């Protein structure tokens, strides 16, 4: 029987009690990254994360930091492989920058052969060290040209441009890459890029944020979500019909959270919790498993929710070989009004729920996850059992999918000095406590999880936070980015993988 801790102190950092041997022999362990966050702009065209961070610098991070140079994995990709090799990792998730291989967005305008070569060298280097690539085609970094021509995922023109981009990736790299991810965290761009305008491209209703250049927070998240699902599905169809000879697998990436009732004896909080599962996970998993949005979304969102044609429904339904599930934290849910007529209405209000980390009796859900210095009542707290709950829910609700955990990690403050940053025991605690629950759910519930990739390989530009927080298992000095030095967490992870 497996027992896992939910509260500090944790004792799962002892590799005598928890290690890779605890899991099936074929289980993949590694780390993850994304292109905007690690490569730098050298050698590529411009994308909407360059555009957003430069047009709205105070949205890029408190330090106004951006991905212009970052950890320079364009130059130091070999050093990333060296970190992986030190870990004895068997998997690495990275993304391809669309703007590095088709800087002009539309494939017919030409490809960047040197960009293609960059990824060929990285892939070859990873395979030479026994590391399985998991490659994300779209980690938010849409070529700026496409956003300027037709507002990117707001328009159905995105579907064929994304399809032609993915075709080029399959053609050039699919002889070596056998695990493909289409779109990173489906929920994120619709809500943060087109709802709150916290993320690129930065569109929203005027009264939500007067800095937005255009938008409508009530309608555009649904349009963009719909186009993401159609673009994803068109790429999966292309993969499975035209690249079956490569013997690989493809899927979307979901951001997952668990939800608990803020008051577990209050039917209204219980109902808000179930609505959050549908509006946060079902928004995408309904279409991916059934070709339709959840009924509560149909009913609430009404004319603002697009319909799938029969052909579209068929395309989307079943459009995955596996799911990449990212998981960071869980929230309590309580009822909240949905003021659809308010000029500041957002799609996120349609779930009729307010989300917290503290429940009605004052209990904080778990240990600190992210401190908010401007506002400590906005601190985020984590919940190790949430990974168990999420995976169990996916197996039961969503037809026993094949899953890879494609991100899981925690930040530490950028104000810490190097010595403090390397002594990242809070990261060991976070990662081990989740891995314990992951092993427990696989054993107890027989969820088909076959790998785990921790966020992140190294310190990098964090969306929205610049360099004010660090997520790496390896440390990068921003005054001299060449080296990636394993922190205590990376050293622990090395021992967990090879105990």
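Numbering follows the first chain given and starts at 1.
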* Select between 334 to 342 and 362 to 370 the stretch whose C-alpha atoms have the higher average B-factor in the entry. => 334 to 342
* Structure fact -> Higher avg CA temperature factor (307 to 315 vs 213 to 221, as deposited) belongs to 307 to 315
* Structure fact -> Among 321, 148, 416, 141, highest Cα B-factor in the entry goes to 416
* Asked: Whose CA atom has the top B-factor in the entry, of 196, 95, 376, 269?
  -> 376
* Which third, lowest, middle or highest, does the CA B-factor of residue 100 fall in along this chain? -> lowest
* In terms of the CA temperature factor given in the entry, to which third of its chain does residue 88 belong: lowest, middle or highest? -> highest
* Assigned third (lowest, middle, highest) for the C-alpha B factor of residue 465 -> middle
* residue 156 CA temperature factor, ranked by third within the chain -> middle
* If you rank the chain by CA B-factor, which third does residue 51 end up in: lowest, middle or highest? -> lowest
